[PDB]
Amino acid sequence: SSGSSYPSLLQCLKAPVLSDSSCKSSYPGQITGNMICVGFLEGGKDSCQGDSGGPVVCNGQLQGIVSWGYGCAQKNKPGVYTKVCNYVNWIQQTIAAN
């Protein structure tokens, strides 16, 4: 159930992976190697609260997990996503043993 603020219907957004340098420049001191920025430096289009945990899928492959950002859809503050191509071995080994 969507409660007080969330939409009832699943929402979709097309957005590009951003360079690591743009991601670090947007969030100085806060980006690790396990994070990627996806979205628009001009703002206006982004994920937001309630989206965390959900997918970023590129060419049929899960590359990001909705994680955090400053505000939503703010200028020079694109969404920050967990970088899934760092974790395939953690995922496969955890599934294999549990």
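Position 1 is the first residue in the sequence shown; the rest follow in order. Definition used throughout: the rigid core is the maximal C-alpha set that superposes within 1.5 Å between two forms.
Engineer: Core fit done; bigger CA RMS in 4 other deposited structures of this protein for 82-90 or for 5-13?
Structural biologist: Comparing 5-13 with 82-90, the one that moves more in 4 other deposited structures of this protein is 5-13.
Engineer: Taking the recorded C-alpha temperature factors, which stretch has the higher mean, 38-46 or 65-73?
Structural biologist: Here the higher of the two C-alpha B-factor means belongs to 38-46.
Engineer: Of 55-63 and 24-32, which one has the bigger average CA B-factor?
Structural biologist: Looking at the record's C-alpha B-factors, the answer is 24-32.
Engineer: Tell me which of 18, 85, 10, 13 tops the list for C-alpha B factor in the record.
Structural biologist: In the PDB entry, the greatest C-alpha B-factor among 18, 85, 10, 13 is found at 18.
Engineer: Among the modelled residues of this chain, does the Cα B factor of residue 4 put it in the lowest, middle or highest third?
Structural biologist: Its C-alpha B-factor belongs to the highest third of this chain's values.
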